[PDB]
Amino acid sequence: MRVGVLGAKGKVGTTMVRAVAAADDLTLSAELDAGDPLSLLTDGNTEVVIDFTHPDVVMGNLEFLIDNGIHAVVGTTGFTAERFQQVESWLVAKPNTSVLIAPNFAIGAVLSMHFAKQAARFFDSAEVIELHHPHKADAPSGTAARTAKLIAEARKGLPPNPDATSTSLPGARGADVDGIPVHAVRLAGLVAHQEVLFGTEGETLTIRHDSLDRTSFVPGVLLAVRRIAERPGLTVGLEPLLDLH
């Protein structure tokens, strides 16, 4: 399988390149970076590409890939409904091509979102604390925003979190994601971490995921790369790829 990496120079990209180069069943056909022509992909006859670039260019590359029938495993965050809809209104005019987008390829993270959904109804309060390296451009993380959305969707009928906050400094209570407060920590020495807190009478439940190394995203990426053709079109998250694993 010929595989090319979009953003091969990035923190995550360089890792994926190393991973694909080590995969005995995969062939690194392309190593695109900022500026390099998207034609380099069609040159190496790439069939699947791993995208770990920037939200300002994803939509751009996604058009090219979907055109030449090249499959795509995208990790680049900042995917909005309109964008998904964009990607949607494209695959239709060129099926047989598969595209997978996931806010997090770490298995522990996917499991965290899974458990968060299940525990939400049993508690009065729910908050999300996300912590990342000081090089992250977006706050809060895509995963945090998605986790908050999942929680808020599971507590549909229930009342909102209890909060007697009368006086407060601007921003002290974090960002509001569908009624669920989300706090973003940018600290040196960190990579990718998340904490989901549920609280009730005399007890709390904490589901924490820690990505100590960027290699933690490899397994999920390669898994999606190999079984990419299994599902045509868009997928979103890698939950379907292992809900039975």
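Numbers follow the displayed sequence, beginning with 1.
S.K.: Per the PDB record, is the mean Cα temperature factor higher over 114-122 or over 168-176?
M.R.: Between 114-122 and 168-176, it is 168-176 that shows the higher mean C-alpha B-factor.
S.K.: Hey, which bit's got the bigger mean C-alpha B factor in the entry, 102-110 or 84-92?
M.R.: Comparing averages over the C-alpha atoms only gives 84-92.
S.K.: Whose C-alpha has the highest temperature factor in the PDB entry: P134, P162, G75, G78?
M.R.: Comparing C-alpha B-factors across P134, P162, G75, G78, the maximum falls on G78.
S.K.: Just the C-alpha B-factor column, please: which of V182, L26, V218, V57 has the biggest number?
M.R.: Of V182, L26, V218, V57, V57 has the highest C-alpha B-factor.
S.K.: Grab the CA temperature factor for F52 from the record and place it in the lowest, middle or highest third of its chain.
M.R.: Answer is middle: the recorded C-alpha B-factor places it there.
S.K.: By the record's CA B-factor, is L234 among the lowest, middle or highest third of residues in the chain?
M.R.: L234: CA B-factor falls in the highest third of its chain.
S.K.: Compare the C-alpha B factor of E201 with those of the other modelled residues in its chain, then answer lowest, middle or highest third.
M.R.: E201: CA B-factor falls in the middle third of its chain.
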